[PDB]
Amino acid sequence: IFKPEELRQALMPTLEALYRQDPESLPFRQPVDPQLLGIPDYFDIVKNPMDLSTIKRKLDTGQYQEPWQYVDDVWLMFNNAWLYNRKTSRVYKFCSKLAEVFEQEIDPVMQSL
């Protein structure tokens, strides 16, 4: 049902819109490293890390066979941030901006797929 490069082309603009957000995408561009970042409890709360570079890689390398799998990863990133961080923290607020953007982008792309 989905050809890999077609699925990529359809979904990529939604990911590019997330990356366009500056400064809001900045905490989300790279995988969380808890040791490095001085947040060692992180993997105890967040069992399934996700970030924009991992989503991009997966979208580039045919790791999503159906569009819902991509959407699940984007929400996993967001839900991880909303679980881990204080509501008025930069990361939480930045997360919320990305999710707003995503919801605006994804609806018609999904309808069209």
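When you see a residue number, it is the position in the sequence shown, counting from 1. Just so we're on the same page, rigid core means the largest C-alpha set that superposes within 1.5 Å between forms.
Greater average departure of CA atoms from the shown form, over structures and residues in 7 other deposited structures of this protein after a core fit, characterises 31-39 among 45-53 and 31-39.
Look at the C-alpha B-factors of 15-23 and of 98-106. On average they run higher in 98-106.
Mean CA B-factor, 88-96 versus 5-13: the higher value falls on 5-13. As recorded in the PDB entry, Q65 shows the highest C-alpha B-factor of the residues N79, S53, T61, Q65. When the modelled residues of the chain are ordered by their C-alpha B factor, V74 lands in the lowest third. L83: CA B factor in the lowest third of modelled residues in this chain (values from the PDB entry). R29: CA B factor lies in the lowest third for its chain, per the PDB record.
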